[PDB]
Amino acid sequence: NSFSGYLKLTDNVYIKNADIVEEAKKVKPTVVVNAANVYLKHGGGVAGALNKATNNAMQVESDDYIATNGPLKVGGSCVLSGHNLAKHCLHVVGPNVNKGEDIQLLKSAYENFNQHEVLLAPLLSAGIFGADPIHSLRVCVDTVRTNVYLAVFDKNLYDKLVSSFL
Ligand SMILES: COc1ccc([C@H](NC(=O)c2ncnc3[nH]ccc23)[C@H](C)c2nnn[nH]2)cc1
């Protein structure tokens with residue numbers, strides 16, 4: 001958990017302008033959060049990048065989990081191996097509001113982070129899922145009580161978040 005160059009936003013929320021994959025390789029955190037979908041099909045975004053950095057080992061393990069357990073629910077999670085990136089990967093499903101899923105489930109999604117003392121994570125429900133990323137950071141700050149290190153890859157978004165927050 002050797003995090004460096006983060007800006008502290010609250011007592012338990014830190015932020016850095018970085019690619020979450022590069023952070024995972026350097027830090028080797030106990031937990032890396034994936035912004036997953038209910039079938040754990042890691043096709044793009046954070047999920048595609050984390051899976052690519054495991055050389056598809058994350059996808060093979062995710063397919064076996066879905067065969068035995070079935071899909072996750074929106075707002076839910078599962079803990080699987082972190083492979084070469086972390087001890088564990090916490091796969092979390094935020095609502096896709098562009099497909100009618102309720103924005104109140106974004107609070108349920110961030111509540112999963114509270115089972116882990118320290119996490120490396122992206123913002124949930126942003127991008128193709130349609131939630132406003134500044135609103136997603138406000139839900140994170142109001143829901144997560146354990147120590148979260150947020151990696152924001154787009155510098156333009158990182159600057160908007162830091163301006164809106166502090
Ligand atoms: C569907 O769920 C999401 C949830 C996060 C997002 C976007 N995050 C990423 O795609 C991302 N974040 C950190 N490291 C990364 N490495 C490769 C991709 C990547 C949001 C918009 C964003 N942009 N810049 N920082 N965060 C897109 C969709």
Side-chain angles (χ1 to χ4, degrees), residues 1-7 9 13-29 31-59 62 71-78 80 82-86 88-113 118-141 143-144 148-166:
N1 296 311
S2 42
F3 297 104
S4 48
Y6 283 77
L7 181 64
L9 294 183
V13 179
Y14 302 79
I15 193 170
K16 184 180 184 177
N17 178 207
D19 178 343
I20 195 171
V21 174
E22 293 306 308
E23 285 297 296
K25 289 181 203 180
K26 279 157 162 169
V27 169
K28 308 169 236 306
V31 181
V32 68
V33 175
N34 179 34
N37 52 35
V38 295
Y39 284 95
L40 304 187
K41 289 302 195 179
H42 312 305
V46 170
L50 289 170
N51 177 55
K52 179 184 195 172
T54 72
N55 308 100
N56 215 44
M58 171 177 290
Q59 190 63 75
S62 293
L72 293 180
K73 285 295 276 160
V74 176
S77 70
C78 72
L80 289 173
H83 302 278
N84 50 300
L85 304 177
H88 304 298
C89 178
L90 179 69
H91 294 271
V92 181
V93 185
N96 182 336
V97 304
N98 286 353
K99 294 189 169 177
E101 304 177 346
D102 202 277
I103 188 60
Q104 298 241 298
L105 289 171
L106 185 55
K107 175 187 175 206
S108 307
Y110 279 115
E111 280 182 346
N112 296 289
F113 285 30
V118 178
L119 317 90
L120 168 60
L123 289 173
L124 304 174
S125 292
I128 58 158
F129 277 21
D132 179 79
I134 307 175
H135 174 57
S136 183
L137 176 58
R138 298 262 181 229
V139 181
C140 179
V141 161
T143 307
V144 180
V148 60
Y149 289 84
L150 292 173
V152 178
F153 194 23
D154 181 353
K155 176 159 177 40
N156 305 107
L157 175 56
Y158 173 86
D159 289 343
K160 277 178 183 160
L161 294 163
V162 171
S163 177
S164 285
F165 205 86
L166 301 176

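The first residue of the sequence shown is numbered 1, and numbering continues consecutively from there. In each ligand, atom 1 is the first atom listed, and ligand 1 is the first ligand listed. What you see below is based on every heavy atom in this structure, not just the backbone, and it leaves out hydrogens, waters and symmetry mates.
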For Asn96, what residues pass the side chain to side chain contact (heavy atoms under 4.5 Å, CB included) criterion, not counting sequence neighbours?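 Applying side chain to side chain contact (heavy atoms under 4.5 Å, CB included) to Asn96 gives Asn98, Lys99, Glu101, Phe129.
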Non-neighbouring partners of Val162 that pass side chain to side chain contact (heavy atoms under 4.5 Å, CB included), sequence neighbours left out: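 Per chain and number, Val162 pairs via side chain to side chain contact (heavy atoms under 4.5 Å, CB included) with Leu7, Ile15, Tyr158, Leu166.
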Set of residues satisfying salt bridge (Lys or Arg N to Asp or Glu O under 4.0 Å) with respect to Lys28, sequence neighbours excluded: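 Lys28 satisfies salt bridge (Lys or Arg N to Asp or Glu O under 4.0 Å) with no residue once adjacent residues are dropped.
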Close-range residues for ligand 1, whose non-hydrogen atoms fall below the 4.0 Å threshold: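 Protein residues near ligand 1 are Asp19, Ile20, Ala35, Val46, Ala49, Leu123, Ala126, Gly127, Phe129, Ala151, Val152, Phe153, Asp154, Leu157.
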If we ignore hydrogens and angles and just use 3.5 Å, is the side chain of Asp159 paired with the main-chain N or O of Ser163 as donor and acceptor?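 Flag not set: sc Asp159 to bb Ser163 has no pair under 3.5 Å.
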Short question: side chain of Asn51, backbone of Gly48 - any donor-acceptor pair under 3.5 Å?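 Not confirmed, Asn51 side chain does not pair with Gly48 backbone.
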Measure the acute angle between the ring planes of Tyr149 and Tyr14, then classify it against the limits of 30° and 60° as parallel, tilted or perpendicular.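 Taking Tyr14 first and then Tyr149, their aromatic rings lie parallel (interplane angle under 30°).
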